[PDB]
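Consider the single chain below, provided in structure tokens and representing the form deposited without this ligand.
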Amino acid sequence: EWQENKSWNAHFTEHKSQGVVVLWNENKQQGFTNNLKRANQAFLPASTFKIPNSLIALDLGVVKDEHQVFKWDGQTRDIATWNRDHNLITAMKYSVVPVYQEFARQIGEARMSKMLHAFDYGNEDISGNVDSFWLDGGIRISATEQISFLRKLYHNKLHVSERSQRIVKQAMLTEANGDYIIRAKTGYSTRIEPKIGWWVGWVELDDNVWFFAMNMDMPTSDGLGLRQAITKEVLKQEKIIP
């Protein structure tokens, strides 16, 4: 079942922001959020789509492994870290759109649509350019639907090989210390209004796993750090992380 804790709204209010945090206790099978309605509001996934995109590229052989090098195409872009060679891990880390656009073109429309239906991913609509629909096309996904998809990935229940899912979960590695491990992916949607930020993933503890999915209005790049900062303040408040 689900429980709405509006006290977390303060974490958005303090920054004059609007958004939702969704948490899911895997052991107890209970969900928590500050806004049950926005928790189910569907947005463009933006770079959070790099998770399913990575899975499909790996399972079809478009990407052979996490060490394969994808050469910079010599095009200087506004993102300095994009102007270099990448593998799957660094492509994810620096959210390298042009590398995943190449993935998508090699995957192709037919296979992409088939696999998103198999994943039960959002509205499963890839309308638009095969290499940009997750940024300005017709695909939409809610925070709760992100958690649903992530839970399948965590348990290796998605309809791709176990190997593909293990590799993507490696590439999702974001933070790890003696207290917790976070595997997650950021998102920044700017091509279609409303501009929003994403952070989706899970926090691994010794004896439990908390999946999370948050998004927040993002009129400017100045607030991108709040995607992680707000989420962690909620995690701290709920005694999930110190």
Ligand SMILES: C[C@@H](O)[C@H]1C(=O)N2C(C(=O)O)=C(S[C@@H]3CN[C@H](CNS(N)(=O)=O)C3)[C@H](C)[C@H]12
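Each residue number is its position in the shown sequence, starting from 1.
Stretches 134-142 and 78-86 differ in mean CA B factor, with 78-86 having the higher one.
Higher mean CA temperature factor, per the PDB entry, when comparing 11-19 with 224-232: 11-19. Taking the deposited Cα B-factors for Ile167, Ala110, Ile147, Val99, the highest one is held by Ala110. Across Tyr188, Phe49, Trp210, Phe70, the greatest Cα temperature factor reported in the deposited entry is at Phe70. Residue-level temperature factors show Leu36 in the highest third of its chain, judged at the C-alpha atom. Ranked by Cα temperature factor within the chain, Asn156 sits in the lowest third according to the deposited record. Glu26: CA B factor in the lowest third of modelled residues in this chain (values from the PDB entry). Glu193 sits in the highest third of its chain by CA B factor, as recorded in the PDB entry. Ranked by C-alpha B-factor against the other modelled residues of its chain, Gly61 falls in the highest third.
Just so it is clear, the following notes concern the form solved in complex with this ligand, a form of the same protein that is not shown.
Contact between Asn208 and this ligand in the bound PDB entry is found at the 4.5 Å heavy atom cutoff. The closest non-hydrogen atom of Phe70 lies beyond 4.5 Å of this ligand in the bound PDB entry. Under a 4.5 angstroms non-hydrogen atom cutoff, this ligand in the bound PDB entry has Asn27 among its neighbouring residues. In the bound PDB entry, at least one heavy atom of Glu238 sits within 4.5 Å of a heavy atom of this ligand. Taking this ligand as it sits in the bound PDB entry, the stretch 31-49 comes within 4.5 angstroms of it through a non-hydrogen atom at just one residue, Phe32.
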